[PDB]
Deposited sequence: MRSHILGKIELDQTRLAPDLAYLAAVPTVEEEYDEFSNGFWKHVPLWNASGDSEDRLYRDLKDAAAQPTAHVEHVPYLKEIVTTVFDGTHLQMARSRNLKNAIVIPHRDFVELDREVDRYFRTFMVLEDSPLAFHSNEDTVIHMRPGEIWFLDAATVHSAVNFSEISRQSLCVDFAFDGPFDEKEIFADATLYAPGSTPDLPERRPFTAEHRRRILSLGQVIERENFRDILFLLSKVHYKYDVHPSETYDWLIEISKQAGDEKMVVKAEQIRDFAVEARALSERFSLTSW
């Protein structure tokens, strides 16, 4: 199902500053990851954190519910990109808590800029990605819901007035993706090496946020760049990464992005 705003609660800045202070300092425990990302599980039965610097506690308790919501966590990301990929009826809500301008999300053909307070529905089964082109903080609250007991996206709210499904979204404009531009991306066939394969993967993954092209093409480009490079082991690895990212196809155990 396509991504869309479910509603939009207003956020009490000062009442919420100390909660972000906490979350930023909580240490939590320690692949295809880059940059800074971080999670603080809030619901999993609460956690030692809930009580710790509240407010969000209120929100997830005053805004949502129903006998089932199987999760909840903070989720920050600075100067990072998570490559496009599908995770595999498992609802999932996302709410950014602060103003981070160069922070975006993508899902199949769309690119969105979440604003403070909006509650978005995101689908796990589709090809998605997230990014932060800058170091400005982007703390978010994420709440997943449990179903297969037939629903209406309204019934995730404990109070149905919060539900406002028509708020318009910030959909960034993207430049047309020309054929000249595709050929230039293929020019990386000249410079890709096994020691920078991973770096190129991350670079290609960024293109769709600015240009009008499906993000799954990231993988087609990488495979072609690989063939242009004449490196057979690279071609094979770029094909496995693509089968893993858009096909959920399990990657071998011992599979390594940096040991060919």
Wait, which stretches of the deposited chain are just not there in the structure?
31-34, 49-66, 111-118
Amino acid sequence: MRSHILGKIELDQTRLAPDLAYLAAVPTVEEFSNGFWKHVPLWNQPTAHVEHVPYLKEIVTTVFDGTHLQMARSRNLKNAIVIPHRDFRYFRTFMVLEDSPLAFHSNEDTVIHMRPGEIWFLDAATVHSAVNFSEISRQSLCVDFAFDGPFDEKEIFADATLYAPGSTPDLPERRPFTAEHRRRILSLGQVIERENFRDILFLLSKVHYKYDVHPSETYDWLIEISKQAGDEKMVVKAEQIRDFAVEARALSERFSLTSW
From here on, numbers count along this sequence of modelled residues.
Would you mind comparing 67-75 and 178-186 for me and telling me which has the higher average C-alpha temperature factor in the entry?
67-75
Going by the B-factors listed in the PDB entry, is the mean over the C-alpha atoms higher for 141-149 or for 122-130?
141-149
Residue selected from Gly230, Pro46, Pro215, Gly35 by maximal Cα B factor
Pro46
Among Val246, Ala21, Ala250, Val236, highest Cα B-factor in the entry goes to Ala250
For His105, does the deposited CA B-factor place it in the lowest, middle or highest third of the chain?
lowest
Lowest, middle or highest third of the chain for the C-alpha temperature factor of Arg198?
lowest
Going by the CA temperature factor in the PDB record, which third of the chain does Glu173 belong to: lowest, middle or highest?
middle
If you rank the chain by CA B-factor, which third does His52 end up in: lowest, middle or highest?
highest
For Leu97, does the deposited CA B-factor place it in the lowest, middle or highest third of the chain?
middle
